[PDB]
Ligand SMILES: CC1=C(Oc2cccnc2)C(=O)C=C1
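Just one chain is shown here, as structure tokens, and it is the form solved without the named molecule.
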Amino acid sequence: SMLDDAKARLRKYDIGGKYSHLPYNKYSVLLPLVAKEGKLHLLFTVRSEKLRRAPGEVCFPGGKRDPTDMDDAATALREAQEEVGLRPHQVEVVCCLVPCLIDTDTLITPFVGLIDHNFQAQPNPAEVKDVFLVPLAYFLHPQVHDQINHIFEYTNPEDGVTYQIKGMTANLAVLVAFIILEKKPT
């Protein structure tokens, strides 16, 4: 099937725990895959205008590891629960993609998760101003804008609202699209 095909592709790129013990400042992100209307979508957040770091920006759910987390995947699941109400029975963590090195002392680890069809987002307004879906196929032919720095613009045809997606978030989206959608009969 569509969902079984996605997980089997993703598993070939799983690095597992290989880099997880290194002595960095540690953050995790969850890349949430949702099936709607016969196609795969990614779920994004818009960060609250009140936050210290990157207020108003598009990002995946995520945050800083804390002492309660059993491992890096637990960080990503805790944060997703707090930000959008995703419960653990509603997500299957399929793999761990290549981590992102920043600022010389920080390592951000991305996990891909398959989301239950009955999940409905409950944005926590102290952390998240908006939640939206983008079809995975968009990231193969994006609408690009140069700020020189590449910025994707996505307009939701439901309401005509435009979102800007950039940086690590945009890079990870393209990576997941390539993994899952390259070389497929139509």
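Residues carry their position along the shown sequence, with the first being 1.
A second form of this protein, the form solved in complex with the named molecule, is not displayed here; the remarks below concern that form.
Although the partner is absent from this view, residue 117 contacts the named molecule in the deposited bound form, with a non-hydrogen atom inside 4.5 angstroms. None of the heavy atoms of residue 40 is located within 4.5 Å of the named molecule in the deposited bound form. When the named molecule is considered in the deposited bound form, residue 131 lines it closely, a heavy atom lying within 4.5 Å. Taking the partner from elsewhere, residue 121 is found to have a heavy atom lying within 4.5 Å of the named molecule in the deposited bound form.
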